[PDB]
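Lettered A, B, C, D and E in written order, each chain numbered from 1.
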Amino acid sequence: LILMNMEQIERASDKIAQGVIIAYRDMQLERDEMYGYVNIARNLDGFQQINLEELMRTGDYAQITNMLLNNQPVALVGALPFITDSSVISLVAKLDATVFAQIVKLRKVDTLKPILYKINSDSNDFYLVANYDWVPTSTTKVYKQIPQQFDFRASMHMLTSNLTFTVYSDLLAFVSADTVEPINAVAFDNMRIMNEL
Amino acid sequence: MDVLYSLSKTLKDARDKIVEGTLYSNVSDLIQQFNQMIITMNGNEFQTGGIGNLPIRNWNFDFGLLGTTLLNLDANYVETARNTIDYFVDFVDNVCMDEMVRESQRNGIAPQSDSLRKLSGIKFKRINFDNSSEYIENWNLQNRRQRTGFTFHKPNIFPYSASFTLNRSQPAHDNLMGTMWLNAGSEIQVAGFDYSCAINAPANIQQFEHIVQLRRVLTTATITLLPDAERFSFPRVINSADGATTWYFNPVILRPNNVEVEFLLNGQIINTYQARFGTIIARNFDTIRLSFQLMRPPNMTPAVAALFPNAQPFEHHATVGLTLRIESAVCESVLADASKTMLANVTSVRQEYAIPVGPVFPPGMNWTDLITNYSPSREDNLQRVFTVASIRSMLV
Amino acid sequence: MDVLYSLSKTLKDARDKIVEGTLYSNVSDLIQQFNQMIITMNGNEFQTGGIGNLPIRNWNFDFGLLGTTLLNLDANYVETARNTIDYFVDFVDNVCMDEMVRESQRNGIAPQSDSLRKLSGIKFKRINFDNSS
Amino acid sequence: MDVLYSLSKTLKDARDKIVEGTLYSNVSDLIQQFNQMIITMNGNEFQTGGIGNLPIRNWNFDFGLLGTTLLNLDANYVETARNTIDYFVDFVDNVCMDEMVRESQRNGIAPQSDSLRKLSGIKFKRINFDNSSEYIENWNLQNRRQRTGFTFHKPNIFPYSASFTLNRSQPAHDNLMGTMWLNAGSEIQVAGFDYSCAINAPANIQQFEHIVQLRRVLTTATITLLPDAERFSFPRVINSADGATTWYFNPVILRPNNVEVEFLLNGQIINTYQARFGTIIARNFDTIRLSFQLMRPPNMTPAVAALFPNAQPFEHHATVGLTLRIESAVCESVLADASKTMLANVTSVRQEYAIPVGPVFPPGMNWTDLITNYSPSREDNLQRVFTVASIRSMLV
Amino acid sequence: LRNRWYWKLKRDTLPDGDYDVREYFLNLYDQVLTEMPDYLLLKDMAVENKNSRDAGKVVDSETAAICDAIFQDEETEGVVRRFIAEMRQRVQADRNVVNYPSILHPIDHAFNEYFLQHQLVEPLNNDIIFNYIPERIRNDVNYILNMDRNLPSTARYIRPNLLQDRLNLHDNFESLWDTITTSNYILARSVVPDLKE
């Protein structure tokens, strides 16, 4: 049960994403009911995948460093903490593209914190989106899943059990156990254990 | 009857409405009625009898009530309900078969099988709910002595009869005047034949009268009337009234004259149709009187004039016809008809279990014998078995 | 071929074993294999070909897993399983038909249809299990 | 049926798997299924009935569960399992025999014996598990109105028939033209014979046509077609159709000309084979139309020209044969075939216990009579008894 | 202007890094195993449904809170509201069975359904207690065994797992086997009777 539901449980967490795609092309921000505009990736189709756990374990940063230096599109896969940035100015500053160079500097991946933009009317600078003609884009996307909606029909169950019972542990406490007088105790052969009397 | 019908109707509603994925609110009232049925039937033993080859069957009812737990019904719920429904349908079908094969001379309207007599007990009256079918509604209205009627498409109201009356006859059967007729089901095909073509009639007119007394009163009847009788318009070799010899019939069809259809009730002229053909309406009648005249054509072409000489021998016998078809009517008593299966159902059950001939019905439930001698006791027994058969048809 | 056979064998076992009233222990390994098949197939598009009069068909997999926590399978369980089984059976039959009507001279033993070539990818090797026929 | 099959399958698995020394992990699921069967059956009384000479038997189930606390099965465990297994195998054999000898016109698909009807109750559905046999698979599919399929090696689809048709004949029976055939099992041998060798036929061609209508649709059928019919290629003295006199046949075999085998479904040509003999495939058909021509050979050596004069007497009769053998096919209905034993088992059980003839099957379960008149009710009863026979043959 | 209902982790404590996520789920497995119930009696968790028009009860109080929140929500379908108001538990005391409505996430439902369907309590009667006594003591005439207690049909017990050694510590574990025989020897010393006269 745990193994089959692991992926669903992990993807429900609000503090880890499942990866980050660095695509040095300008990709439109998705329109998601949970965010407004969000640089969210539904899947990793179309990108080479670097497993972050394997990279941490090997210590060999040659391929990742070469790809980052040469701006080769890639998808870093692994449980990652992410920053939720609600500032349109941050997106225009393209700050989501500024977070990977520390990987090469330190040869670590445990401080990689990609930027997940969350642009909507609650952003202080949302008017820039509203009052100008332009498509909000970013060069990175965060591989994360969307929460499952509550559905009453799929959530209502009938649970059945017994009305009541009593569990017992000491079974031998239900047994009345006497012995014969030891003078009359017999062995397997039905004669008295001690017969010299 | 009302309890048996209510059981059948509850089961039919359960089978049609307790379906996978249906809203709980589609079935709330049905679930209540079904649980009331289960509670009433629980702890009751029934025996469906061993008349004929119908096997003796024992029925025990210990069933759990249906729950009310899902917004949309699921397969588990339908499965439990279907198990209960199947057992109940088996029981109801057996009770219906058991009742359909019994009869009584005195109280033929009352239940006859042990199970239906038990279901008439006060304890089972709680099962009763909507009695909406034509037959159960007629049954309830008849128990209260209220006027009600069964609607029949092509009622089998005429006992089968294919015979003739000769008004002028000779040993050689060559100058014959009379009538042939087939009365079958909802059809009356009558014909009047004159071998001389009314050569010597007072005004060259021969009058033919056919009177058919209906065994029950019919109301609101739509009837088709057609001038000719196709069944008596071709040459025939017909047995004599005793069958000693056979005579010859060589019809030539002439237009019926002074056609008069009278529909009579209690001897009063309820409806009269003179020379009217096609669709006619007979309000309410128990007798049909068809009076038609063969009129020798005053002017004839030479071929026609040659068909009918002035004296014997006669070779081309002048025939006038009439065809009456009751297409649909209303009768206060149950009757066989072309659309319903009640008679066929009762007869099939009686034949398939070798039910011995009883003291009410003719052997084999023959409809001609039944309708010919349609006594009040036969009417009561037939209404009972037809209501039971219609209750059975809702499930089987 | 081994993967296509594994899909078919899984579906045949599910038809034969996922039946009302049966103990879950009778089917537990089969349910694990079936859920593995669903997981491996989910999110993949397939096209069975238009060769001859065989119509072009598109196949999508977004199925949920079958339950594992009942003592005995019930009617709801069987209906839920049957819904997924029917689609998988249709897909496997179409892949088999698409592969049966194709031939190659250079490499006739290798798969010919696009679906069977896609199913030979390593990403589908998880489906593979008992090859007993 | 699925519960009876599940009992039999559990018993077969226990016989095969519960062996001395085996790892308990080899049997854990089987042990759980077996204990579930014991719990479900415990406390239930069954009567396998006394139809015919089959003895009445009473079955009582009070059995202990099989242990679950071993690492390897030992002799004690195997003996404890085997006593219970023996009793259960006896019970299943008697239930299967009770069901095989029974039939009904109404619900021949439904159970007939009391024990199987009892086992259809919901309180036994827990026993149900892997339904992997072809017969039980098709049983479940047909319960759901799904496309069924039975694979048959040499299906017994043709009722035995050794007949002839004479399209040219006379009292002397010496200038005859016609066809003779044996349709038996999966084989059709047909042979068209012309005594005049088509001397006077238009174009010196005599066309012969043989249409065989299969009582069920066959699909995916592999068929061997052979030019000659060895059954009608030797001299015979054949009775006349009325049986009054015997005529003489002295064939000399010519190769058939323009052989056309059509496989037709509802009268539409599904497959057509012209002048092809080796091995053909009829994908879906219920009719086989064999057209074949005797062509008088235009050029002859003197001996051949001697065989076939210009006029009578004709002593060497030109016969063109054809053999059609269905080696393997698929049918949506159960059928006897050369490899299975369902028909033989059902017939053997009915014979051994002197089961009186019933309303559905012909006496002795004669296959020719059965398949000639393969009615839907016959199909239901046959599928039921054949599935029960396969269940029995799993254990006996 | 409206919020939407979504399923969220009650405790969102997932770490970063795939290996640490798998460690988290191993710890979750251990938590479930340690807190796995041996039996359940739903009536103990049965609380009142505030909107019930038929004296309805639900399990558990979390279901009550969720159902009330759904009942009050303006965006709820009228059919769902009526069903919340009508949904009924079924207590069959004659059969010793209870059924309650519950609102659960499918994963939570799977866990609770497994717990309900795989309880470790078996029916306890006098025959089981009598057979629990070692057979050679039931057959020794020096001991008189009686069953002076009536067990109700609601009595339950949990069977001990007396499987024989799957590790074979008597084979090639000299130190462990020495300790096992020493401890057994100490116990046997405690139970041997003292000599008299």
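Convention: contacts are C-beta pairs under 8 Å (C-beta built on N, C-alpha and C of every residue); 3 or more make two chains touch, one makes a residue touch a chain.
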item	value
Chain located farthest away, centre of subunit B as origin (C-alpha)	A
Comparison of B-E and A-E (more C-beta pairs in contact)	A-E
Centroid spacing, where centroids are CA-atom means, of subunit C and subunit E in whole angstrom	36
Distance from subunit D to subunit C - Cα centre to Cα centre, in angstrom	33
Approximate Å spacing (C-alpha centroids) for the pair subunit D, subunit E	55
Averaged-CA centre spacing for the pair subunit D and subunit A, given as whole angstrom	59
Shared-contact residues (touching 2 or more other chains) in subunit D	none
For subunit E, residues that touch 2 or more chains besides their own	80, 83, 87, 99, 101, 110-111, 113-114
Of subunit E, residues touching subunit C in the complex	110-111, 113-114, 117-118
Touch list for subunit A against partner subunit E, complex	1-3, 5-6, 8-10, 12-16, 33, 51-53, 56, 78-81, 110, 147-150, 152, 154-169, 171-172, 174-180, 185-186, 190
Interfacial residue positions of subunit C with respect to subunit E in the complex	67-71
List of subunit C residues in touch with subunit D within their complex	15-17, 19-23, 25-28, 72
Complex interface listing, subunit D residues touching subunit C	2, 28-29, 32-33, 36, 125-132, 137, 140
